[PDB]
Structures are given as C-alpha cells and as structure tokens.
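Okay, so here's the structure we're looking at.
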Amino acid sequence: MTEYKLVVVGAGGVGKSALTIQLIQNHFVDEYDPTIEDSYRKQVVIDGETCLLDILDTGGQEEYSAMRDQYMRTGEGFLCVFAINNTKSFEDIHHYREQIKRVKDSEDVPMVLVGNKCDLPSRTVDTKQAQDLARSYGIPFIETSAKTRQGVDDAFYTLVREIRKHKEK
Ligand SMILES: Nc1nc2c(ncn2[C@@H]2O[C@H](COP(=O)(O)OP(=O)(O)O)[C@@H](O)[C@H]2O)c(=O)[nH]1
Ligand SMILES: [Mg+2]
C-alpha cells in the first residue's frame, strides 16, 4: 500500500543499526550486526493503514557514502539518533540536520529526535536537554533502547505519522 522512505542518521556507535535491526527482524537469524550501510524493509499497520517501510541505515559522517546525497533526496523522513551517554553524539545532531536541510532545501522535513540507550542508569544527556533541542527544530523527541526494545516501534511509527502530517499540510 502506502510506501514510506525512512533514513536513520547519527554518529557512529549510537545504535542506528541496532534500532533498525530490532524493528525489521523476523528473527529467522539469531544475531545480525551489520557494519555497512544497507536498506531494510518492513510491512506494518499504522492507524489502520498498511505501510511498507523502506529503512536506510546510514553510516556516520566518517564512513564515505557515494549515494549519501541521493539517499537524503529520496528520504521522506529522518530519525536523528544520539546516545544518551555520549554528549558528542548529541552535539553532532546539528551537523546531521544541516546536511538534510542542505540537500532538501527545506527547514520543514519530517524528523524525529531519538535518544537511544535509555536502558543505562548512567546518562550524560538529560531529557530536558534533548526535549529543548527537539523544540528548537519543531520535531518530536523519543527515548529508545534497542536492548529492552523500549520505544523502538514508537520511534519509527512516530516518524511515519510525522510524514503523514507533513503530506497533508
Ligand atoms: N546499552 C545499550 N547499548 C546499545 C543500545 N543500542 C546499541 N547499543 C550498543 O552500541 C554499540 C553500537 O551499536 P550499533 O548498532 O553498531 O550503532 P551504530 O554505529 O549507530 O549502527 C553496540 O555494541 C551495541 O551493542 C542500547 O539501546 N542500549
Ligand atoms: Mg551501524
């Protein structure tokens, strides 16, 4: 039915692949830890409507990607992931948002700010820090753990709903 093109961006090590694999796993394969960018597919019903999600798991700003610009052109919505115990990854979110704005020539791009690894007791980026950053961008903030699966489905579903809302403006 309705297809959505989703792109996961963020610094290396924050859990982009772990979040994506947790979403798309059919668990035929026990463990899967990709190291190269790839695209994954998931069919899911969101608010009664069957959605086909294509999810691009990008690499950090350091791993070269020839098709990076084209991925951002094709992408309809972006998960901007940082880790709640890595302040640099949180500061890097500005860089990733600027790249997307540079390619798409818009400040009005569907995005969700994702604070991953919320299963950890120790944390260096506070909830209000991230909620304030999300406010400054006009985008939702969601805390996730690819370990406990907390918030993982909701992060992606929230992004789909952001894309729908944008398409109806
Ligand atoms: N505690 C915790 N560790 C995580 C979580 N998500 C990912 N990791 C770990 O962080 C490391 C990097 O994860 P990875 O998925 O490769 O991150 P990527 O580079 O952003 O794709 C791996 O060792 C994972 O085990 C999480 O939600 N909680
Ligand atoms: Mg990865």
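Inside the range 1-114, counting only helices (runs of 4 or more DSSP H) that do not spill past its ends, which hold 1 or more residues that are over 17 Å from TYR137 (Cβ atoms) and under 11 Å from the mean Cα position of the chain (by Cα)?
16-24
Looking only at the range 149-168, filter to residues that are without any contact (Cβ under 8 Å) to a residue 40 or more places away in the chain and assigned to a loop (DSSP other than H, G, I, E, B); which one of those is surrounded by the most Cβ atoms within 10 Å (Cβ to Cβ)?
Residue satisfying both the conditions and the ranking: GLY151.
Looking only at residues that are away from ligand 2 (no atom under 16 Å from the Cβ) and in contact (Cβ under 8 Å) with a residue 40 or more places away in the chain in the range 112-138, which one is surrounded by the most Cβ atoms within 10 Å (Cβ to Cβ)?
This residue is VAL112.
Which one of these is within 16 Å of ligand 1 (Cβ to nearest atom) and aromatic (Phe, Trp, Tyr): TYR40, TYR4?
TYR40
Any residue at all in the range 97-106 that is touching a residue at least 12 places away in the same chain (Cβ under 8 Å), more than 16 Å from ligand 2 (Cβ to nearest atom) and either exposed (fewer than 15 other Cβ atoms within 10 Å of the Cβ) or of a type in the set (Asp, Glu) (or both)? Before the answer, list the steps.
First pass over the range 97-106, keeping only residues touching a residue at least 12 places away in the same chain (Cβ under 8 Å): 97, 99-100, 103-104.
Now narrow it down to the ones that are more than 16 Å from ligand 2 (Cβ to nearest atom): 97, 99-100, 103-104.
Okay, now just the ones that are also either exposed (fewer than 15 other Cβ atoms within 10 Å of the Cβ) or of a type in the set (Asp, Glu) (or both), so none.
Checking the range 97-106: not a single residue is touching a residue at least 12 places away in the same chain (Cβ under 8 Å), more than 16 Å from ligand 2 (Cβ to nearest atom) and either exposed (fewer than 15 other Cβ atoms within 10 Å of the Cβ) or of a type in the set (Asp, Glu) (or both).
Kindly check whether there is at least one residue in the range 133-148 that is assigned to a helix (DSSP H, G or I) and within 16 Å of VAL14 (Cα to Cα).
no
Would you mention how many residues in the range 43-69 are away from ligand 1 (no atom under 16 Å from the Cβ), free of Cβ contacts under 8 Å to residues at least 40 places away in the same chain and charged (D, E, K, R)?
Going through the range 43-69 one residue at a time, the tally reaches 1.
A short reminder: the numbers here are calculations on the coordinates, not readings from a lab. Methodologically, a virtual Cβ is constructed for each residue, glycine included, from the backbone with ideal geometry; neighbour enumeration extends over all protein chains shown.
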